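Contents: one structure, followed by commentary.
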Amino acid sequence: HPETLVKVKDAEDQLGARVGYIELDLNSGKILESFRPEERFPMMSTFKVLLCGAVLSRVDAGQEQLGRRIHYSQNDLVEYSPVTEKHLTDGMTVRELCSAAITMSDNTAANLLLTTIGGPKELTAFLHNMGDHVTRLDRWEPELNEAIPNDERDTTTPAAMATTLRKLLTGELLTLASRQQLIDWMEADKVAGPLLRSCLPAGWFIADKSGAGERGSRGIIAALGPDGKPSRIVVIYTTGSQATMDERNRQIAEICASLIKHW
């Protein structure tokens, strides 16, 4: 809807930064709205959904098991590890690591998962072989959140991300069991409260994954819809601003308000 684009334009003016926006119909796959669809933005934590999608792909092929237990040590813990820092002794299963990586955005969990698939290169290789020749991951946590201007490392485009996410959640790649698991994790998101979820009316379905980083970086991907059922994928990115966390969240609030209003 045009008014939603106005909210995005208002956001660019008041934040002093670029904003990426894609509105994608989950049923048909037709884009309903776009803003800077072919420009690159830092993925930040949003890649973690893609990461666990690759892991689940290995689960389907029998190359990985969700119940497989992994142990690690103190020297594996990086910044922000709210879940993994509490299981140094008992370790964690692969299923728990993806749960921690998506719902709590655990960084160490993300790194351990990247080890299971063979690093950022293999995640990129996975995305390449499923049709996404655009999205790329180059570094580990937390260096991937650097968000240096004009740096293409660890970046996606709003169009590439939205189409890729659709293939994971409602495509032919994963099994029905794996598709359901991935969107179950996203629905249990704990760290995206004051964003899209804050805008939604009662009874709405939402499965999302937020993002934040350096140099006014912020992002979010989501699969949502009214009547307790997902009907649309929304991708929002922004970078380069010097605005605080609160104002960046407020712009997403304003954009979301128009999105739901003109649903």
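Residues in the structure tokens are numbered from 1 in each chain, the chains being A, B, ... in the order shown, and ligands are numbered from 1 in the order shown.
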
Can you list every residue of region 102-139 of chain A that has an atom at most 8 Å from region 84-87 of chain A, with its nearest atom pair and the distance in Å to one decimal, using only C-alpha atoms, ordered by chain then number, as a Markdown table?
```
| residue | atom | partner | partner_atom | distance |
| --- | --- | --- | --- | --- |
| A:106 | CA | A:84 | CA | 7.3 |
| A:108 | CA | A:84 | CA | 6.6 |
| A:109 | CA | A:84 | CA | 6.4 |
```

With N, CA and C atoms kept, could you save the residues just selected as a PDB file, in the first residue's frame?
```pdb
ATOM      1  N   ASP A 106      20.994 -16.260  20.327  1.00  0.00           N
ATOM      2  CA  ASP A 106      22.264 -16.625  20.946  1.00  0.00           C
ATOM      3  C   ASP A 106      23.382 -16.678  19.905  1.00  0.00           C
ATOM      4  N   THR A 108      26.807 -17.607  20.339  1.00  0.00           N
ATOM      5  CA  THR A 108      27.643 -18.801  20.425  1.00  0.00           C
ATOM      6  C   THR A 108      26.918 -19.999  19.819  1.00  0.00           C
ATOM      7  N   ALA A 109      25.601 -20.040  20.001  1.00  0.00           N
ATOM      8  CA  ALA A 109      24.777 -21.073  19.392  1.00  0.00           C
ATOM      9  C   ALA A 109      24.895 -21.020  17.873  1.00  0.00           C
TER      10      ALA A 109
END
```

Contact table region 163-187 of chain A vs region 123-146 of chain A, cut-off 12 Å, shortest pair per residue, only C-alpha atoms, as CSV:
```
residue,atom,partner,partner_atom,distance
A:163,CA,A:132,CA,8.3
A:164,CA,A:132,CA,6.5
A:165,CA,A:132,CA,10.1
A:166,CA,A:132,CA,11.6
A:167,CA,A:130,CA,8.4
A:168,CA,A:130,CA,9.4
A:171,CA,A:130,CA,10.4
A:172,CA,A:130,CA,10.0
A:173,CA,A:130,CA,7.7
A:174,CA,A:130,CA,10.9
```

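Proximity ranking of A:187, A:151, A:64, A:254 relative to residue 221 (chain A) places A:187 first, based on only C-alpha atoms.
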
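Proximity of A:184, A:13, A:154, A:227 to residue 200 (chain A), computed with only C-alpha atoms, is greatest for A:227.
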
Pick out the residues sitting within 9 Å of residue 27 (chain A), and hand them over as a PyMOL selection string; count only C-alpha atoms, and ignore anything fewer than 3 positions along from it in its own chain.
chain A and resi 24+30+170+231-232

So which residues touch region 35-47 of chain A within 8 Å, counting only C-alpha atoms, skipping near sequence neighbours fewer than 6 positions away, as a JSON list (two decimals) with N, CA, C and O atoms, in the first residue's frame?
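Below is the file selection_11.json, written as the result:
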```json
[["chain", "number", "residue", "atom", "x", "y", "z"],
["A", 5, "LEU", "N", 4.49, 2.88, 2.13],
["A", 5, "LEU", "CA", 5.70, 3.40, 1.51],
["A", 5, "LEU", "C", 6.01, 4.81, 2.03],
["A", 5, "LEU", "O", 7.18, 5.18, 2.17],
["A", 19, "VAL", "N", 16.29, 2.47, 4.00],
["A", 19, "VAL", "CA", 15.40, 1.45, 4.53],
["A", 19, "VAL", "C", 14.97, 0.48, 3.42],
["A", 19, "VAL", "O", 14.48, 0.90, 2.38],
["A", 20, "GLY", "N", 15.18, -0.81, 3.66],
["A", 20, "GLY", "CA", 14.75, -1.84, 2.73],
["A", 20, "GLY", "C", 13.44, -2.44, 3.18],
["A", 20, "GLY", "O", 13.27, -2.76, 4.36],
["A", 21, "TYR", "N", 12.50, -2.61, 2.25],
["A", 21, "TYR", "CA", 11.17, -3.10, 2.59],
["A", 21, "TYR", "C", 10.58, -3.98, 1.49],
["A", 21, "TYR", "O", 10.52, -3.57, 0.33],
["A", 22, "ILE", "N", 10.15, -5.18, 1.87],
["A", 22, "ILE", "CA", 9.49, -6.08, 0.94],
["A", 22, "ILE", "C", 8.24, -6.70, 1.55],
["A", 22, "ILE", "O", 8.28, -7.24, 2.66],
["A", 105, "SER", "N", 18.35, -15.41, 19.94],
["A", 105, "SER", "CA", 19.42, -14.86, 19.11],
["A", 105, "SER", "C", 20.80, -15.09, 19.72],
["A", 105, "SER", "O", 21.68, -14.23, 19.65],
["A", 137, "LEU", "N", 26.99, -14.91, 3.57],
["A", 137, "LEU", "CA", 27.57, -14.78, 4.90],
["A", 137, "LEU", "C", 29.07, -15.01, 4.81],
["A", 137, "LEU", "O", 29.52, -15.99, 4.21],
["A", 144, "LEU", "N", 30.29, -10.31, 12.17],
["A", 144, "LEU", "CA", 29.39, -10.17, 11.03],
["A", 144, "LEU", "C", 28.46, -8.96, 11.16],
["A", 144, "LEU", "O", 27.78, -8.58, 10.20],
["A", 145, "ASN", "N", 28.43, -8.37, 12.35],
["A", 145, "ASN", "CA", 27.54, -7.24, 12.62],
["A", 145, "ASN", "C", 28.23, -5.88, 12.47],
["A", 145, "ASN", "O", 27.66, -4.85, 12.82],
["A", 147, "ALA", "N", 28.91, -4.00, 9.94],
["A", 147, "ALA", "CA", 28.11, -3.10, 9.11],
["A", 147, "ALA", "C", 28.88, -1.88, 8.60],
["A", 147, "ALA", "O", 28.37, -0.76, 8.61],
["A", 152, "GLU", "N", 29.96, -5.41, 1.29],
["A", 152, "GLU", "CA", 28.98, -6.39, 0.84],
["A", 152, "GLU", "C", 29.02, -7.67, 1.67],
["A", 152, "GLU", "O", 28.20, -8.56, 1.49],
["A", 153, "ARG", "N", 29.98, -7.75, 2.60],
["A", 153, "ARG", "CA", 30.11, -8.92, 3.46],
["A", 153, "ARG", "C", 28.93, -9.06, 4.41],
["A", 153, "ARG", "O", 28.49, -8.07, 5.01],
["A", 154, "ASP", "N", 28.43, -10.28, 4.54],
["A", 154, "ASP", "CA", 27.32, -10.60, 5.44],
["A", 154, "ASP", "C", 26.08, -9.78, 5.12],
["A", 154, "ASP", "O", 25.40, -9.29, 6.03],
["A", 155, "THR", "N", 25.78, -9.63, 3.84],
["A", 155, "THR", "CA", 24.65, -8.81, 3.41],
["A", 155, "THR", "C", 23.66, -9.57, 2.54],
["A", 155, "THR", "O", 24.01, -10.54, 1.87],
["A", 156, "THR", "N", 22.42, -9.10, 2.56],
["A", 156, "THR", "CA", 21.38, -9.59, 1.67],
["A", 156, "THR", "C", 20.65, -8.40, 1.07],
["A", 156, "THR", "O", 20.89, -7.26, 1.45],
["A", 157, "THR", "N", 19.76, -8.67, 0.12],
["A", 157, "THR", "CA", 18.85, -7.64, -0.36],
["A", 157, "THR", "C", 17.46, -7.98, 0.16],
["A", 157, "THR", "O", 17.17, -9.15, 0.42],
["A", 158, "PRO", "N", 16.60, -6.97, 0.34],
["A", 158, "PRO", "CA", 15.24, -7.23, 0.82],
["A", 158, "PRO", "C", 14.48, -8.21, -0.08],
["A", 158, "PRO", "O", 13.68, -9.00, 0.43],
["A", 159, "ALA", "N", 14.73, -8.17, -1.38],
["A", 159, "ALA", "CA", 14.06, -9.06, -2.32],
["A", 159, "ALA", "C", 14.58, -10.49, -2.20],
["A", 159, "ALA", "O", 13.80, -11.44, -2.19],
["A", 209, "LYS", "N", 12.10, -12.82, 13.29],
["A", 209, "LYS", "CA", 13.48, -12.84, 13.74],
["A", 209, "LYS", "C", 14.09, -11.46, 13.52],
["A", 209, "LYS", "O", 14.33, -11.06, 12.38],
["A", 210, "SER", "N", 14.33, -10.73, 14.61],
["A", 210, "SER", "CA", 14.81, -9.36, 14.52],
["A", 210, "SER", "C", 16.30, -9.30, 14.19],
["A", 210, "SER", "O", 16.94, -10.32, 13.93],
["A", 211, "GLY", "N", 16.85, -8.09, 14.20],
["A", 211, "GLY", "CA", 18.25, -7.87, 13.92],
["A", 211, "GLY", "C", 18.74, -6.50, 14.34],
["A", 211, "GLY", "O", 17.99, -5.52, 14.29],
["A", 212, "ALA", "N", 19.99, -6.43, 14.77],
["A", 212, "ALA", "CA", 20.63, -5.17, 15.15],
["A", 212, "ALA", "C", 22.14, -5.31, 15.05],
["A", 212, "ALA", "O", 22.67, -6.43, 15.07],
["A", 213, "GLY", "N", 22.84, -4.19, 14.94],
["A", 213, "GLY", "CA", 24.29, -4.21, 14.82],
["A", 213, "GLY", "C", 24.94, -2.85, 14.96],
["A", 213, "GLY", "O", 24.42, -1.96, 15.62],
["A", 217, "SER", "N", 22.56, -0.05, 12.47],
["A", 217, "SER", "CA", 22.02, -1.22, 11.77],
["A", 217, "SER", "C", 20.83, -1.81, 12.51],
["A", 217, "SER", "O", 20.84, -1.92, 13.74],
["A", 218, "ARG", "N", 19.80, -2.17, 11.76],
["A", 218, "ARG", "CA", 18.61, -2.81, 12.32],
["A", 218, "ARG", "C", 17.83, -3.52, 11.22],
["A", 218, "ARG", "O", 17.71, -3.01, 10.11],
["A", 219, "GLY", "N", 17.32, -4.70, 11.54],
["A", 219, "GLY", "CA", 16.56, -5.47, 10.57],
["A", 219, "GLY", "C", 15.57, -6.42, 11.22],
["A", 219, "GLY", "O", 15.64, -6.69, 12.42],
["A", 220, "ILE", "N", 14.64, -6.92, 10.41],
["A", 220, "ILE", "CA", 13.68, -7.90, 10.87],
["A", 220, "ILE", "C", 13.03, -8.62, 9.69],
["A", 220, "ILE", "O", 12.72, -8.00, 8.66],
["A", 221, "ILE", "N", 12.87, -9.93, 9.82],
["A", 221, "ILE", "CA", 12.11, -10.70, 8.85],
["A", 221, "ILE", "C", 10.97, -11.40, 9.59],
["A", 221, "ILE", "O", 11.10, -11.73, 10.77],
["A", 237, "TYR", "N", 14.80, -3.72, 6.62],
["A", 237, "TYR", "CA", 16.20, -3.45, 6.96],
["A", 237, "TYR", "C", 16.47, -1.95, 7.00],
["A", 237, "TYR", "O", 15.78, -1.17, 6.35],
["A", 238, "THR", "N", 17.49, -1.56, 7.77],
["A", 238, "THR", "CA", 17.95, -0.17, 7.79],
["A", 238, "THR", "C", 19.36, -0.08, 8.34],
["A", 238, "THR", "O", 19.74, -0.83, 9.25],
["A", 239, "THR", "N", 20.15, 0.84, 7.80],
["A", 239, "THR", "CA", 21.57, 0.95, 8.14],
["A", 239, "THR", "C", 22.11, 2.35, 7.84],
["A", 239, "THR", "O", 21.59, 3.05, 6.97]]
```

Enumerate the residues of region 158-241 of chain A with a DSSP assignment of alpha helix (DSSP H), computed from the backbone, and present them as an MDAnalysis selection string.
chainID A and resid 158:170 176:187

Those same residues, written as a PDB file, in the first residue's frame with C-alpha atoms?
```
ATOM      1  CA  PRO A 158      15.236  -7.226   0.817  1.00  0.00           C
ATOM      2  CA  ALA A 159      14.059  -9.058  -2.319  1.00  0.00           C
ATOM      3  CA  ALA A 160      16.509 -11.958  -2.029  1.00  0.00           C
ATOM      4  CA  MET A 161      15.833 -12.537   1.673  1.00  0.00           C
ATOM      5  CA  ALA A 162      12.042 -12.507   1.314  1.00  0.00           C
ATOM      6  CA  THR A 163      12.033 -14.963  -1.592  1.00  0.00           C
ATOM      7  CA  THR A 164      14.550 -17.235   0.148  1.00  0.00           C
ATOM      8  CA  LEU A 165      12.579 -17.241   3.408  1.00  0.00           C
ATOM      9  CA  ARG A 166       9.437 -18.220   1.508  1.00  0.00           C
ATOM     10  CA  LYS A 167      11.225 -21.221  -0.001  1.00  0.00           C
ATOM     11  CA  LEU A 168      12.314 -22.328   3.470  1.00  0.00           C
ATOM     12  CA  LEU A 169       8.959 -21.917   5.205  1.00  0.00           C
ATOM     13  CA  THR A 170       6.556 -22.796   2.376  1.00  0.00           C
ATOM     14  CA  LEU A 176       6.712 -30.797   6.047  1.00  0.00           C
ATOM     15  CA  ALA A 177       8.216 -31.649   9.435  1.00  0.00           C
ATOM     16  CA  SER A 178      11.241 -29.398   8.898  1.00  0.00           C
ATOM     17  CA  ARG A 179       9.220 -26.477   7.509  1.00  0.00           C
ATOM     18  CA  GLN A 180       6.979 -26.600  10.571  1.00  0.00           C
ATOM     19  CA  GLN A 181       9.877 -26.751  13.030  1.00  0.00           C
ATOM     20  CA  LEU A 182      11.632 -23.726  11.539  1.00  0.00           C
ATOM     21  CA  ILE A 183       8.512 -21.556  11.744  1.00  0.00           C
ATOM     22  CA  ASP A 184       7.823 -22.834  15.269  1.00  0.00           C
ATOM     23  CA  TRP A 185      11.162 -21.421  16.417  1.00  0.00           C
ATOM     24  CA  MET A 186      10.456 -18.079  14.735  1.00  0.00           C
ATOM     25  CA  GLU A 187       7.042 -17.939  16.410  1.00  0.00           C
TER      26      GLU A 187
END
```

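With CA of residue 18 (chain A) on one side and CA of residue 260 (chain A) on the other, the separation reads 22.3 Å.
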
Applying 8 Å and only C-alpha atoms, which residues near region 188-199 of chain A remain after dropping the ones on its own chain fewer than 4 positions away? List them as an NGL selection string.
:A and (102-105 or 184 or 206-210 or 249-250 or 252-253 or 256-257)

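The coordinates place CA of residue 77 (chain A) at 16.1 Å from CA of residue 116 (chain A).
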
Based on DSSP run over this structure's backbone, return all residues of region 93-230 of chain A in strand (DSSP E), as a tab-separated table (two decimals) with N, CA, C and O atoms, in the first residue's frame.
```tsv
chain	number	residue	atom	x	y	z
A	93	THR	N	21.95	-30.06	22.57
A	93	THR	CA	21.62	-30.76	21.34
A	93	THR	C	21.49	-29.76	20.20
A	93	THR	O	21.36	-28.55	20.44
A	155	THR	N	25.78	-9.63	3.84
A	155	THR	CA	24.65	-8.81	3.41
A	155	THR	C	23.66	-9.57	2.54
A	155	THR	O	24.01	-10.54	1.87
A	156	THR	N	22.42	-9.10	2.56
A	156	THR	CA	21.38	-9.59	1.67
A	156	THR	C	20.65	-8.40	1.07
A	156	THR	O	20.89	-7.26	1.45
A	205	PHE	N	-1.25	-14.18	13.85
A	205	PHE	CA	-0.10	-15.07	13.86
A	205	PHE	C	1.15	-14.31	13.47
A	205	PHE	O	1.11	-13.47	12.57
A	206	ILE	N	2.26	-14.60	14.13
A	206	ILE	CA	3.53	-14.01	13.74
A	206	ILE	C	4.71	-14.91	14.11
A	206	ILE	O	4.79	-15.43	15.23
A	207	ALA	N	5.59	-15.11	13.15
A	207	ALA	CA	6.83	-15.84	13.36
A	207	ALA	C	7.97	-15.02	12.76
A	207	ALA	O	8.09	-14.93	11.54
A	208	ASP	N	8.79	-14.42	13.61
A	208	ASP	CA	9.78	-13.47	13.14
A	208	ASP	C	11.19	-13.70	13.70
A	208	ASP	O	11.43	-14.63	14.47
A	209	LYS	N	12.10	-12.82	13.29
A	209	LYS	CA	13.48	-12.84	13.74
A	209	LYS	C	14.09	-11.46	13.52
A	209	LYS	O	14.33	-11.06	12.38
A	210	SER	N	14.33	-10.73	14.61
A	210	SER	CA	14.81	-9.36	14.52
A	210	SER	C	16.30	-9.30	14.19
A	210	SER	O	16.94	-10.32	13.93
A	211	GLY	N	16.85	-8.09	14.20
A	211	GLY	CA	18.25	-7.87	13.92
A	211	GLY	C	18.74	-6.50	14.34
A	211	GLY	O	17.99	-5.52	14.29
A	212	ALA	N	19.99	-6.43	14.77
A	212	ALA	CA	20.63	-5.17	15.15
A	212	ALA	C	22.14	-5.31	15.05
A	212	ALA	O	22.67	-6.43	15.07
A	218	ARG	N	19.80	-2.17	11.76
A	218	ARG	CA	18.61	-2.81	12.32
A	218	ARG	C	17.83	-3.52	11.22
A	218	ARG	O	17.71	-3.01	10.11
A	219	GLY	N	17.32	-4.70	11.54
A	219	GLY	CA	16.56	-5.47	10.57
A	219	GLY	C	15.57	-6.42	11.22
A	219	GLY	O	15.64	-6.69	12.42
A	220	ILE	N	14.64	-6.92	10.41
A	220	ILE	CA	13.68	-7.90	10.87
A	220	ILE	C	13.03	-8.62	9.69
A	220	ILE	O	12.72	-8.00	8.66
A	221	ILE	N	12.87	-9.93	9.82
A	221	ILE	CA	12.11	-10.70	8.85
A	221	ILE	C	10.97	-11.40	9.59
A	221	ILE	O	11.10	-11.73	10.77
A	222	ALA	N	9.85	-11.60	8.91
A	222	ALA	CA	8.67	-12.14	9.57
A	222	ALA	C	7.72	-12.83	8.60
A	222	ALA	O	7.63	-12.48	7.43
A	223	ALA	N	7.00	-13.83	9.12
A	223	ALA	CA	5.89	-14.45	8.42
A	223	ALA	C	4.65	-14.33	9.29
A	223	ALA	O	4.55	-14.98	10.33
A	224	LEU	N	3.71	-13.49	8.87
A	224	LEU	CA	2.57	-13.16	9.72
A	224	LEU	C	1.25	-13.19	8.96
A	224	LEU	O	1.21	-13.40	7.75
A	225	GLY	N	0.16	-12.97	9.69
A	225	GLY	CA	-1.17	-12.93	9.11
A	225	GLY	C	-2.24	-12.94	10.18
A	225	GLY	O	-1.99	-13.36	11.31
```

I'd like to know which of A:229, A:248, A:1, A:262 is closest to residue 216 (chain A), using only C-alpha atoms.
A:248

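CA of residue 4 (chain A) is positioned 10.2 Å from CA of residue 23 (chain A).
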
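For residue 243 (chain A), the non-local neighbours within 9 Å, defined as residues at least 6 positions apart in the same chain or in other chains and counting only C-alpha atoms, are residues 14, 15, 16 and 216 of chain A.
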
Just the selected residues (C-alpha atoms), exported as a PDB file, in the first residue's frame, please.
```
ATOM      1  CA  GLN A  14      13.905  11.000  10.320  1.00  0.00           C
ATOM      2  CA  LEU A  15      16.580   8.314  10.710  1.00  0.00           C
ATOM      3  CA  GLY A  16      18.863   9.673   8.003  1.00  0.00           C
ATOM      4  CA  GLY A 216      22.694   2.284  13.067  1.00  0.00           C
TER       5      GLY A 216
END
```

Which residues are close to residue 107 (chain A), i.e. within 8 Å by only C-alpha atoms, leaving aside same-chain residues fewer than 6 positions away? Reply as number ranges by chain.
A: 78-81, 101, 141-142

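Checking A:56, A:63, A:149, A:51 one by one against residue 111 (chain A), counting only C-alpha atoms, you find the shortest gap at A:51.
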
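Nearest-residue note for residue 95 (chain A): choosing from A:110, A:6, A:76, A:66, the minimum distance belongs to A:66, counting only C-alpha atoms.
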